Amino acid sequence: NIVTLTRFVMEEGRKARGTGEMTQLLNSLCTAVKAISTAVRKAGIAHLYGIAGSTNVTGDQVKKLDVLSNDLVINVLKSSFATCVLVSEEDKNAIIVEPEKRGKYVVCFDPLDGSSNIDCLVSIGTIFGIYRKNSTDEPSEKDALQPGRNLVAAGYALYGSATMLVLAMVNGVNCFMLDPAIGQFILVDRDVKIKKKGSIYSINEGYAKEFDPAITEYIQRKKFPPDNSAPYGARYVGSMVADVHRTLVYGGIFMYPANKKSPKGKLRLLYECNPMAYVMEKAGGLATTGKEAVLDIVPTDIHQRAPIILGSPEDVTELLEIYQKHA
């Protein structure tokens, strides 16, 4: 039995006796992701470059892959009839869905993350988090400001050498590979569990001069291990989604901590940090700011930022211990 993402979401909804709304939603996401992968890989680009002249587009009509992705997600999630509030990294205010189209879910998402790696063709992705609306209040931003522990679903798609969608829900993490020949995501790894202890460390060392003493001490120990074993390898793609996926698949540790330009960290809590922290915990890994769990921070601003350390349990705890030692 081959298992497609479609069959799997549907069968899980049936196990949960859902009314179908969340199913509809996940199907939406899965379509929007295909639509993104295909534009990311440059299909149809010969039209941009005048294979057929220029008469297709009018006055001015084009999209940057970032704007296009954003429109795809918004419109496809709205068509699911499943959502009430969306938060996009691209919109300064939460988007409230029109009542005729309104369902009970809240979706925070990064439509295309890794934008410093776009023009150089390095791996980029899409990051998403889903909440049930709590309240019966007229929908509003407040419904987005839930801590990560309350996610129903979260994950990301990675547009790498191939396209992969990873999905975490209450019972674990499953990976599905996009077969672009038929437009199906094919379950390829079931119940994914992160190695306890990796041998790769992943951070931008360009900020070495602005790290705190604990990051600095940890990095040193990665290079010059007190016990004299082989040093961790370094890997920093520069796209959170790729660096985080490698982390999950290979083991190891990923860091984006505080720096002067970003004293509170760079990465966004809602659509970058929380989803990736939920995937990580369901896969038996950890996700800390250095001081507390990411999934426990109650956010107060939809574009709030937080420091993030995540990955294999022994590597992250090893880092927390340095923090606990310096404090």
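From 1 onward, residues are counted along the sequence shown.
*Asks:* In the PDB record, does 165-173 or 208-216 carry the higher mean Cα temperature factor?
*Replies:* Higher of the two, by average CA B-factor, is 208-216.
*Asks:* Which has the higher mean CA temperature factor in the PDB entry, 63-71 or 294-302?
*Replies:* Higher of the two, by average CA B-factor, is 63-71.
*Asks:* Looking at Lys282, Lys261, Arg41, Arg268, which one carries the largest C-alpha B-factor according to the PDB entry?
*Replies:* Largest recorded C-alpha B-factor: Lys261.
*Asks:* According to the deposited entry, which of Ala242, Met255, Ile95, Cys120 has the largest Cα B-factor?
*Replies:* Of the candidates given, the C-alpha B-factor peaks at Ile95.
*Asks:* Among all modelled residues of this chain, ranked by Cα B factor, put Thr288 in the bottom, middle or top third, i.e. lowest, middle or highest.
*Replies:* It belongs to the middle third of the chain when residues are ordered by C-alpha B-factor.
*Asks:* Considering every modelled residue of the chain and its Cα B-factor in the PDB entry, is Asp315 in the lowest, middle or highest third?
*Replies:* Tercile = lowest for this residue's CA B-factor.
*Asks:* If you rank the chain by CA B-factor, which third does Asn56 end up in: lowest, middle or highest?
*Replies:* For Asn56, the deposited C-alpha B-factor lands in the highest third.
*Asks:* By its CA B factor, does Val33 count among the lowest, middle or highest third of the modelled residues in the chain?
*Replies:* Lowest third - that is where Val33 ends up once the chain's C-alpha B-factors are sorted.
*Asks:* Considering every modelled residue of the chain and its Cα B-factor in the PDB entry, is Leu77 in the lowest, middle or highest third?
*Replies:* Top third by C-alpha B-factor.
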